[PDB]
Structure formats: structure tokens, C-alpha cells
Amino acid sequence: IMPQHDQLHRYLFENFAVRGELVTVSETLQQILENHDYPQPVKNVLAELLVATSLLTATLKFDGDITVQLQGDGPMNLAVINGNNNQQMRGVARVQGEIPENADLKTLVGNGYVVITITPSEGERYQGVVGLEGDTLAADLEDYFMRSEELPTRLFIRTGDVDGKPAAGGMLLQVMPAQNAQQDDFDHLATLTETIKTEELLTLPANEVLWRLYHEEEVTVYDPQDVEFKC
């Protein structure tokens, strides 16, 4: 009973009113990077977007589409993943200039934002525009969620190489809404998961990674879910 391939799982911390999710998108990635000749720095934000988008997605009670993009006046005007609630993802980047060998994100992009737009099959749409104050996409998103959302959320995104092939995964924690969850416990959990090793995350069976961190906790593991490339 053990294969190999991208997946995202959900879990809730019973006595803590905080849910979390771990995910790997290294395969669906190989697919999005292939065909282009993208500089390291770009293959990175994308791995970064990809994961981010994934996790956002898995957290929203919807059904339809969503695009997450990075806009601005960098050499890379554009970068965007597109995916739905069935975690089927694809994306492209948009290079138009000089790209500094070891490029930073503020450097990689303009003064742009991140746009999160959702278009659910049947109903109103949702726009989320977050500025790039913070220095990590993962950060800007947490912060967005602090401000424009008032829901504490932490993103843990690791990017790297497994078997020469680039590979990416990530983790999420976030206050369960209107259940009065004590910031504390969370900070602890966050403190706990910060320790996660890109290495572990990317090569180690999720169930184990979850154990290695949350074993001492009352966890409720929901059914997993695939993540995959689209057309």
C-alpha cells in the first residue's frame, strides 16, 4: 500500500481549534517547469506559488476556479498558477528582462501585488489583493491573512531537489474560525512545525512527517487529495 506522487492532506487539532495541511507538489511541478527554459529564481517562485495556491485552495469552502498571480514591474512582470478546488493545477511565468543569477522576490517582481481571484462555478467571485510588504510570499500571505482576513495563518513552504528533479511541498496552520482558539497553543504548534526539514517534507511519507511532529497531539486526519497537472 505505498506509491509515489503529489497529494495534500487535511487535519484538525481537536482540542485546539486549529487545522493544518501538509502537501507535496513536486510532480505537478516537474510538469509546469518543463517545456520552458526558466531561470532558477523563476522556477522557484513558481514552486512557491504552486504550493501557496494549493494550500489556499484547500482551505476555502468552495467549488470552482482560482488564480493566484504575482504582478509588477520586475523582469518577471508575471507569474501565475491556475487551479480549481479539485487541486488540478497549471501555470506559466512571464519573463521580460534581466534576471539576477541569485534573485530575490522583491527583485524578481515589480512593485506589484499578489492577486488571488476566485471564480466559483455558480455565485459571486472573490478578489484578494495582497501587497509585497513582507519578504516571503509565504510571509505576505500570512500577513494578508492577519489583516484583510483576521484569521491567523502560517505558511510553511519548502522548495528543493529530489532525485535531481526539482520538488516542492508545504504546510499550513490556521486558527479555526469563531471557536475562540487560544493564540498560544497555536504559537506552540507553529513553533513546532517551523522545525520541519525541507528534506523530510519532500521525501518522507506525509503520515510519518505528521507523526514526527504532531505525535503528542490529538489529531483528526481527513481523507487526502490529489494534486495534479492540467492540460
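When you see a residue number, it is the position in the sequence shown, counting from 1.
The mean Cα B-factor in the deposited entry runs higher for 105-113 than for the other of 105-113 and 122-130. Between 80-88 and 143-151, the higher mean Cα B-factor belongs to 143-151. The PDB entry assigns its highest CA temperature factor, among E194, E200, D65, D163, to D163. Split the chain's modelled residues into thirds by C-alpha temperature factor. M2 is in the highest one. Ranked against the other modelled residues of its chain, the C-alpha B-factor of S26 as given in the entry falls in the middle third. The entry lists a Cα temperature factor for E217 that places it in the middle third of the chain's modelled residues. Annotation for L70: C-alpha temperature factor in the middle third relative to the rest of the modelled chain, per the entry. Annotation for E34: C-alpha temperature factor in the highest third relative to the rest of the modelled chain, per the entry.
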